[PDB]
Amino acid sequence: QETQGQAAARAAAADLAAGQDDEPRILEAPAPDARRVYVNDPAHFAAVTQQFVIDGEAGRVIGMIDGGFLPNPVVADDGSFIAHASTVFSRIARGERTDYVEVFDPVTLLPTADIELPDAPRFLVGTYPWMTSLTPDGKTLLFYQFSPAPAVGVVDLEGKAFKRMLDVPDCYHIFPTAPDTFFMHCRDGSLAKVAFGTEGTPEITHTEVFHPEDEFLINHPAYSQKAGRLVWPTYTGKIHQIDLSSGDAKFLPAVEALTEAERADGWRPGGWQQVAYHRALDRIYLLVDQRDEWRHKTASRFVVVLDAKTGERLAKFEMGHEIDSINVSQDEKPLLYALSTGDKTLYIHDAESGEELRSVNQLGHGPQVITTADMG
């Protein structure tokens, strides 16, 4: 309960009193760990943006990374690096566009790679985490393209170069499963499997249609690459779970996040990153609230936690703030991260009790995206 600024004032006072020297220098961030959490601020479409690197245990900003227009951040699960695909222009928001990927050292935060993307091929959209995606081995970044058509761009992080664009069907999002394979969700209600070589026509297979045309799958499904779990809520809180760990899609049984009385009384998911999945606990978290059916991008004040296997409700937390996005640390005794775009504040909760533990405020202009690494 001594704040961090108070501890600091105390120690600097003791250093002055004792004649202690120290060399003013550039700090290193502490080693990445399970409770580092990254919050990205798309800044409501501003041309430049920020990512905050946060120690979630201390509630402390340990670093920042600047980005351009609607960058897609990724974070290597093993903690070796972070990267983003980003877009800049020669004259702020006009002139020559350069898309590029930067890779950063997660301790010095220095860029160790800056890889131009030819022909400005990024999909500029409100930030969806799964629109830019690391393969499991960390060597390849895949980025979605929409214009002129759905396409996926392959970037070699190891050799630091753009590789090629892949032609795909009318599909969206990129859930990588292997060094050379990803899934996409298609307009027709199937998933598409894309398997791609250095050159050649991608191998593209579709699953069966797994949802009717009137059931709407949200833009921010939770995907645990290490568990190959794709947790995909619909607008009503019905949750589609797809198991991709065998390398092909297995459709798991559907669970309702909300009860029928809740649904009858207007309860629905809503926010940006509406859903989190804790791998080790096999638990789903969903931001829900009482709301009309078309207010599905508004903040929510409640998180339901449910067992991913049974659909049993384990908790319903009153977050006590307007929360747009959640995620969880992937360690035991996980933290539940609850970001309020309105408050520009990451609230950090104990995921078990739902209690708010601390918070980090002043995170830019419109922060929306929480990313944690799955380190363990």
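Take the two forms, superpose them, and find the largest set of C-alpha atoms that agree within 1.5 Å; that set is the rigid core. Start at 1 with the first residue shown and count on from there.
Checklist entry - 167 to 175 versus 197 to 205: which one's CA atoms end up farther from this form in 8 other deposited structures of this protein after a core fit? => result After superposing on the rigid core, the more displaced stretch in 8 other deposited structures of this protein is 197 to 205.
Item to check | Mean Cα B-factor comparison, 257 to 265 or 92 to 100, giving the higher one as deposited | outcome: Mean C-alpha B-factor is greater for 257 to 265.
Next on the checklist: Quick check on the record: does 267 to 275 or 247 to 255 carry the larger mean Cα temperature factor?
Outcome noted: According to the PDB entry, the answer is 247 to 255.
Checklist entry - Whose C-alpha has the highest temperature factor in the PDB entry: 207, 300, 127, 133? => result Going by the entry's C-alpha B-factors, 207 comes out highest.
Checklist entry - With respect to C-alpha B-factor, does residue 150 fall in the lowest, middle or highest third of the chain as deposited? => result Its C-alpha B-factor belongs to the lowest third of this chain's values.
Checklist entry - Which third of the chain does residue 294 land in by C-alpha B-factor: lowest, middle or highest? => result Middle third.
Next on the checklist: Quick check for you: using the entry's CA B-factors within this chain, is residue 236 in the lowest, middle or highest third?
Outcome noted: Answer is middle: the recorded C-alpha B-factor places it there.
Next on the checklist: How does the C-alpha B factor of residue 7 compare with the rest of the chain: lowest, middle or highest third?
Outcome noted: Highest third, going by the recorded CA B-factors of the chain.
Item to check | Among modelled residues of the same chain, the CA temperature factor third for residue 368 | outcome: CA B-factor rank for residue 368: lowest third.
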